[PDB]
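One structure is given here, and the rest of the page talks about it.
Note that we place each Cβ from the backbone using ideal geometry, even for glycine, and neighbour counts take in every protein chain shown. Basis: the model, the stated rules and, where named, an outside source; nothing here is a laboratory result.
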Amino acid sequence: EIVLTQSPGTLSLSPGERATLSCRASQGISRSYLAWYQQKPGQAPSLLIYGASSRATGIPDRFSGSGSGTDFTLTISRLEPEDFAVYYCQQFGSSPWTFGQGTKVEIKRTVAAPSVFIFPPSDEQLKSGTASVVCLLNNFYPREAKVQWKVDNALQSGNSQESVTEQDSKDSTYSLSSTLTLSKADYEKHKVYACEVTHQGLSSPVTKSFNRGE
Amino acid sequence: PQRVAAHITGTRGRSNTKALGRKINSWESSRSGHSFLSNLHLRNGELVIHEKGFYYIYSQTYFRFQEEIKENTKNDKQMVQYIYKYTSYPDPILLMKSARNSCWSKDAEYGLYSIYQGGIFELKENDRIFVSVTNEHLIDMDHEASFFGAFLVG
Amino acid sequence: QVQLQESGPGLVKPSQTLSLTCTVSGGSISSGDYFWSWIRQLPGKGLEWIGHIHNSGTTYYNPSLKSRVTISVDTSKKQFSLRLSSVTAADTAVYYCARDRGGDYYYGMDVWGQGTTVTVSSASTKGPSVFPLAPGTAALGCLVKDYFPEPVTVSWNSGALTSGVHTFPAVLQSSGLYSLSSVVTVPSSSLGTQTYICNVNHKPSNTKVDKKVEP
Amino acid sequence: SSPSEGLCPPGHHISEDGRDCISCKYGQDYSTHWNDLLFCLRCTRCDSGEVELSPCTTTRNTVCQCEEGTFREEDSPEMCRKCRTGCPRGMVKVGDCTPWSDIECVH
């Protein structure tokens, strides 16, 4: 199969700065047979550039395509914060029609700290089975964050799993989500539950806790 | 109709108007590219031999390319076609090989290198035979440009 | 304008045959032009082109998918259908259908459906359990928990509240079923006025349930 | 349809039993003049450094043209060749670079 190879993996760039995405095919291929896709988190892809270098209907002029043979280039000129999706090339050269691994453009902002929150396992959840303590981290910036849980002042291991969003296409910012899974039987013993949030956008680790509905 | 012959070709259509290389296995069947098999069968680009005898085996493999000067590229290209056979033995046996190099002049813009070769070999029942190339990505498979065949020569 | 709907089971059973169908609204398939097409996308990496079909019923498939694949049209029925075969782990992926302008001048896919995420197991589909997570500016949102298979949608006051919503990617628990939270952040002096119901839906299990989040 | 003189029309193509017309797959093969072919003729797909100028239908093969800035001459129909930019000294240019010709310099 013809193999496209997108370089690089990711790009970080602030708005206004200029983006060059590469797509290089293992064999040279028409040019009529190279198209570019944009895929915003949680959406189906959508056609940016077709024919190596044609803007699909509706696409802002900020986007451009170039190349032939084996080397093809997509160029976003003056970045908007929207433009921070993932970008794919595909080749209708020969056949399987193939796609490149994809290049992910990530926004560059300016450190914003997380607004920490903590939710008590609602009474209804407890009434059957287990108890879930959910820790939120809001509109931040950047990628890194640490999350520790403390039960009668002891550290946890394994008994949690988290999930982050992608950057906001309007804002610029992530958001994390750590949950604490332990049975509504082992929960009823221990008295103090704490969510510790260490971040580079903070002076010192900010903590959020509760005393089992007191 | 009771005859042992075969000529299978590059799928991918038609023109305008321990084994060296990699095996070509995208060849396919029934007279449209104008292939045929006749007292022989196919097996991932390997013709399989029914009737033990002498067989004039052959293949042409077309190399087409354009080129550039880059930061970390030596442009010399070794275009070699191999015709191996698998017998009752563990490792493949090369039967024939034909090679060519690309031009050297830093002034080359393109490269057209077709490679025909063929010759008779005595094959046994269930011997399997396949083509194999270097610079596979350079091989053009327009159906007249590259093909693979054999017949019995009784 | 022209729109596409990924109709089809979100679950299929190890070495049973997966199937889906795509629907067309506004303009019809018939018209000797485009190629109606299936693309899958393999757990957060490369898209894979499966195969396409024309309005004359002629197909094109990705060799490496060593025909497990079949795909078809019915203009009288306004839908095209794909069917894998014999499936496994390596078949679990979101499956988009899409319209490619074969050469009716582009080459490329101008129209996609939103694509349904298919999971291959013999698993038993489970409905989600919803428990609200109870509340300057405050943070409130419900926890959708213990379902299967993986497609779950969750909005707020049914599409009327989208401000500051952060629904976080589902986490495949060690149980085998999935969790997923869905927070909102609102002005802290609104915990009493035009307040907040989250509506979790789950097609594979027929679930569609609301829930009010409150002090 | 059914044969007409022992011929099937464009887009269609004949059967083994010789009795029925069958129809070329779309954007895969073709047939353009009335025929008796047991197989439709396969479609071209533009080799590199060309542009597809029209898609391969069922009664017409795909059309390829040289890229913009390259030409295709009668005796070099295998690689599109780069148009020259300058002429030599003492030589003046009349006639631009087309899909089918180099530039044309005179004296």
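Considering only segment C:90-97, I want to know if a residue exists there that is outside any strand (DSSP E or B) and either over 16 Å from the mean Cα position of the chain (by Cα) or within 14 Å of chain D (Cβ to nearest Cβ) (or both).
Yes, segment C:90-97 contains a residue that is outside any strand (DSSP E or B) and either over 16 Å from the mean Cα position of the chain (by Cα) or within 14 Å of chain D (Cβ to nearest Cβ) (or both).
Answer with yes or no whether residue A:152 is within 22 Å of the chain's Cα centre (by Cα), more than 15 Å from residue A:120 (Cα to Cα) and acidic (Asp, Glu).
When the stated conditions are applied, residue A:152 does not pass them.
Regarding segment A:67-78, can at least one residue be identified that is more than 22 Å from residue D:69 (Cβ to Cβ), touching a strand residue (DSSP E or B) at 6+ places or on another chain (Cβ under 6 Å), not hydroxyl-bearing (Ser, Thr, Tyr) and not assigned by CATH to the domain that holds residue A:195?
The answer is yes; a qualifying residue exists.
List pairs: first residue in segment C:51-64 and under 22 Å from residue B:44 (Cα atoms), second residue part of a loop (DSSP other than H, G, I, E, B) and of a type in the set (A, V, I, L, M) anywhere in the structure, Cβ distance under 6 angstrom, at least six positions apart or on different chains.
Partner pairs satisfying both residue conditions: C:51/C:69; C:61/C:69.
Can you name the residue in segment D:21-61 that is of a type in the set (S, T, N, Q) and under 18 Å from residue D:5 (Cα atoms) and is also farthest from the other protein chains (Cβ to nearest Cβ) among such residues?
My answer is D:35.
Please state which one of D:85, D:58 is among the β-branched types (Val, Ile, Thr), surrounded by 15 or more Cβ atoms within 10 Å (Cβ to Cβ) and not in a strand (DSSP E or B).
Just one listed residue meets the conditions, D:58.
Out of D:37, D:53, D:7, D:41, report the one residue that is in contact with a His (Cβ under 7 Å, 6 or more places away or on another chain) and among the aliphatic types (A, V, I, L, M).
D:37
Residue by residue through segment D:1-58, note down the ones that are of a type in the set (S, T, N, Q) and under 21 Å from residue C:52 (Cα atoms).
D:23, D:28, D:44, D:54, D:57, D:58
Run residue D:53 past the list (1) surrounded by 18 or more Cβ atoms within 10 Å (Cβ to Cβ); (2) of a type in the set (A, V, I, L, M, F, W, C); (3) under 19 Å from residue A:29 (Cβ atoms) and report the number of the one that doesn't hold.
Tallying (1) surrounded by 18 or more Cβ atoms within 10 Å (Cβ to Cβ); (2) of a type in the set (A, V, I, L, M, F, W, C); (3) under 19 Å from residue A:29 (Cβ atoms), residue D:53 fails exactly one: (1).
Could you tell me whether any residue of segment D:66-82 is under 25 Å from residue A:27 (Cβ atoms), crowded, with 19+ Cβ neighbours inside 10 Å and within 14 Å of chain C (Cβ to nearest Cβ)?
Within segment D:66-82, none of the residues are under 25 Å from residue A:27 (Cβ atoms), crowded, with 19+ Cβ neighbours inside 10 Å and within 14 Å of chain C (Cβ to nearest Cβ).
Can you give me the number of residues within segment A:136-182 that are out of contact with any strand residue (DSSP E or B) (no Cβ under 9 Å at 6 or more places or on another chain) and basic (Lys, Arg)?
1
Just to confirm my filter: which strands (runs of 3 or more DSSP E) fall fully inside segment C:1-47 and include at least 3 residues that are of a type outside the set (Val, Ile, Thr) and surrounded by 21 or more Cβ atoms within 10 Å (Cβ to Cβ)?
C:35-41
How about segment A:8-123: which strands (runs of 3 or more DSSP E) wholly inside it have at least 2 residues that are among the aromatic types (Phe, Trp, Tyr)?
It comes to A:34-39, A:86-91, A:116-119.
Can you tell which of C:79, C:114 is under 29 Å from residue C:14 (Cα atoms), in contact with a strand residue (DSSP E or B) (Cβ under 8 Å, 6 or more places away or on another chain) and crowded, with 16+ Cβ neighbours inside 10 Å?
C:79
Taking segment A:57-84, which residues are buried (at least 20 other Cβ atoms within 10 Å of the Cβ) and either more than 18 Å from residue A:4 (Cβ to Cβ) or not β-branched (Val, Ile, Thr) (or both)?
Within segment A:57-84, A:65, A:68, A:72, A:74, A:76, A:79, A:83, A:84 meet the criteria.
Give the residues of segment B:121-154 that are surrounded by 15 or more Cβ atoms within 10 Å (Cβ to Cβ) and among the aliphatic types (A, V, I, L, M), sorted by residue number.
Within segment B:121-154, B:123, B:129, B:131, B:133, B:138, B:139, B:141, B:145, B:150, B:152 qualify.
Return the pairs, sorted by first residue and then second, in which the second residue is of a type in the set (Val, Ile, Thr), the first residue lies in segment D:65-80 and is part of a strand (DSSP E or B), the beta carbons are less than 8 Å apart, and the residues are 6+ apart or on different chains.
D:65/D:51; D:66/D:51; D:71/D:98; D:80/D:70
Residues checked against (1) within 14 Å of chain A (Cβ to nearest Cβ); (2) outside any loop (DSSP other than H, G, I, E, B); (3) of a type in the set (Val, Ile, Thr); (4) closer than 17 Å to residue A:134 by Cα:
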site	(1), (2), (3), (4)
C:159	no, no, no, no
C:184	yes, yes, yes, yes
C:192	no, no, no, no
C:200	no, yes, yes, no
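Residues of segment A:4-19 being surrounded by 14 or more Cβ atoms within 10 Å (Cβ to Cβ) and not small (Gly, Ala, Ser), which ones?
Passing the criteria: A:4, A:6, A:11, A:13, A:15.
Give the residue that is surrounded by the fewest Cβ atoms within 10 Å (Cβ to Cβ), with candidates limited to residues of segment A:164-196 that are within 14 Å of another protein chain (Cβ to nearest Cβ) and of a type in the set (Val, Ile, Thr).
If we take residues in segment A:164-196 being within 14 Å of another protein chain (Cβ to nearest Cβ) and of a type in the set (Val, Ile, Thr), then A:164 is surrounded by the fewest Cβ atoms within 10 Å (Cβ to Cβ).
Name the single residue, out of those in segment C:107-122 being more than 7 Å from chain A (Cβ to nearest Cβ) and part of a loop (DSSP other than H, G, I, E, B), that is nearest to residue D:56 (Cα to Cα).
This residue is C:121.
It is to be established whether one or more residues within segment A:140-163 are in contact with a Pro (Cβ under 6 Å, 6 or more places away or on another chain), under 23 Å from residue C:137 (Cβ atoms) and crowded, with 20+ Cβ neighbours inside 10 Å.
Within segment A:140-163, one or more residues are in contact with a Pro (Cβ under 6 Å, 6 or more places away or on another chain), under 23 Å from residue C:137 (Cβ atoms) and crowded, with 20+ Cβ neighbours inside 10 Å.
Of these, A:114, A:41, which one is surrounded by fewer than 17 Cβ atoms within 10 Å (Cβ to Cβ) and either within 21 Å of the chain's Cα centre (by Cα) or within 30 Å of residue A:208 (Cβ to Cβ) (or both)?
A:41 is the lone residue from the list that is surrounded by fewer than 17 Cβ atoms within 10 Å (Cβ to Cβ) and either within 21 Å of the chain's Cα centre (by Cα) or within 30 Å of residue A:208 (Cβ to Cβ) (or both).
Output the strands (runs of 3 or more DSSP E) that fall wholly within segment B:10-113 and possess 2 or more residues being under 16 Å from the mean Cα position of the chain (by Cα) and among the hydroxyl-bearing types (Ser, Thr, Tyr), or say none.
Fully inside segment B:10-113 and qualifying: B:53-66, B:78-86.
With the structure loaded, tell me whether residue C:139 is part of a strand (DSSP E or B), more than 28 Å from residue C:85 (Cα to Cα) and among the small types (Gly, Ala, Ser) or whether it fails that test.
Taking the combined requirement at face value, the residue satisfies it.
Against the condition of a type outside the set (D, E, K, R), more than 14 Å from chain C (Cβ to nearest Cβ) and over 29 Å from residue C:107 (Cα atoms), how does residue D:3 come out, does it pass?
Here the answer is yes, as residue D:3 does meet what is asked.
Given the conditions (1) crowded, with 18+ Cβ neighbours inside 10 Å; (2) more than 8 Å from chain C (Cβ to nearest Cβ), and given that residue A:122 satisfies all but one, which numbered condition is not satisfied?
Going through (1) crowded, with 18+ Cβ neighbours inside 10 Å; (2) more than 8 Å from chain C (Cβ to nearest Cβ) one by one, residue A:122 breaks only (2).
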